[PDB]
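Comments concern the structure below.
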Amino acid sequence: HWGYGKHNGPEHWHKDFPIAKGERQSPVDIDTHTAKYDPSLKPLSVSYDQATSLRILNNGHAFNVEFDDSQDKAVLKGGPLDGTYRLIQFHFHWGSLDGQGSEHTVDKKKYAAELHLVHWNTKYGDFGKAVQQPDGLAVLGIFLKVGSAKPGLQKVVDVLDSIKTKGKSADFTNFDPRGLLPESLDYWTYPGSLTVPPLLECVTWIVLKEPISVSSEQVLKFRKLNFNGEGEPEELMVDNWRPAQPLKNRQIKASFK
Ligand SMILES: NS(=O)(=O)c1c(F)c(F)c(SCCO)c(F)c1N[C@H]1CCc2ccccc21
Ligand code: NA
Ligand SMILES: [Zn+2]
């Protein structure tokens, strides 16, 4: 099946998922000089006060923290969005080395990891309907750089040894995603796609300008996870990022400067 290795990694995905070569694929390199400042873009509204995290799961590609999205408890709106989007899950992509790991790049610079908070447009009623729509998802992307620890990340890092292998899950209640945000909500935005198969072109991407900093020990703990299931040979879960895709007929808009 698809993955991140030599024989099934991103350069192979188009054979099963032809939209891999589509018109609005993600991620992309953000050229900060050519992003258009749009003064009509609104501040982002991140309303995470009533978030209910449920569980954390190793799916063999990354780990996901899942939320109760059956009511408007943790929503994203404003910014470039017209609707209300509900938080369903977050996950990360990261590298084998601190110099790589993010999906988006900024002037060709890679970060050590990238957090994706995935939300779906509540006019479509559920996540599965939303992914079939050009405006169905809004994914808030936050870069991680290695420096000082992120205290709000530590509850995540601490539970990872309990979901080491493909298919494992653990209860993960009372996790507050506001702990993962940087100080500024200035952002870039562009229309794009999921960054794994099925690569559907249903995403409004909102990528925060300001990274969060995490410690070397925090990111090292991510690289101890495994892509394989228990009692299969060990394949460390590292480098689970898709490279930048061509921007094609798209413009990245900036909410700042
Ligand atoms: N960067 S992303 O938002 O495209 C993404 C990833 F890159 C992931 F690696 C994963 S791990 C599960 C893969 O099947 C994601 F869930 C999601 N997001 C979820 C969003 C729900 C969904 C549906 C189909 C595929 C992926 C996803
Ligand atoms: Na350190
Ligand atoms: Zn992602």
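Worth pointing out:
- In this rough spin-label picture, where each label sits 7 Å from Cα along the Cβ direction, the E210-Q154 distance is 2.1 nm.
- Residues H7 and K248, FRET efficiency given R0 of 35 Å [Cβ-Cβ distance, rounded to 0.05]: 0.80
- A protection proxy built from the mean count of other Cβ atoms within 10 Å ranks the segments 74-84, 150-160, most packed first, as 74-84, 150-160.
- Contour minus Cα-Cα distance for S169 and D107 (0.36 nm per residue): 18.6 nm
- With a Förster radius of 35 Å applied to the C-beta separation of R223 and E183, the computed FRET efficiency comes to 0.85.
- Judged by the gyration tensor of its Cα atoms, with axes a ≥ b ≥ c, the range 100-160 is oblate; a/c meets the 1.5 cut and b/c is at least as large as a/b.
- Max mean-square fluctuation residue, GNM over the chain, Cα-Cα springs under 10 Å, options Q218, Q89, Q71: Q71
- When the convex hull of its Cα atoms is viewed from all sides, the range 39-123 shows a mean projected area of 7.3 nm².
- Square roots of 5 times each gyration tensor eigenvalue, C-alpha, the chain, largest first, Å: 25, 21, 19
- Neighbourhood charge, 12 Å Cβ-Cβ cut-off, centred on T105 and excluding it, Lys, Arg +1 and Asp, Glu -1: -1
- Based on C-alpha pairs under 8 angstrom that are at least 6 apart in sequence, the range 1-122 has a relative contact order of 21 percent.
- The chain - percent relative contact order, Cα under 8 Å, separation 6 or more: 27 percent
Values in this text are rule-based calculations from the coordinates and carry no lab data. Cβ sites come from the backbone with ideal geometry, for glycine too, and all protein chains shown count toward neighbours.
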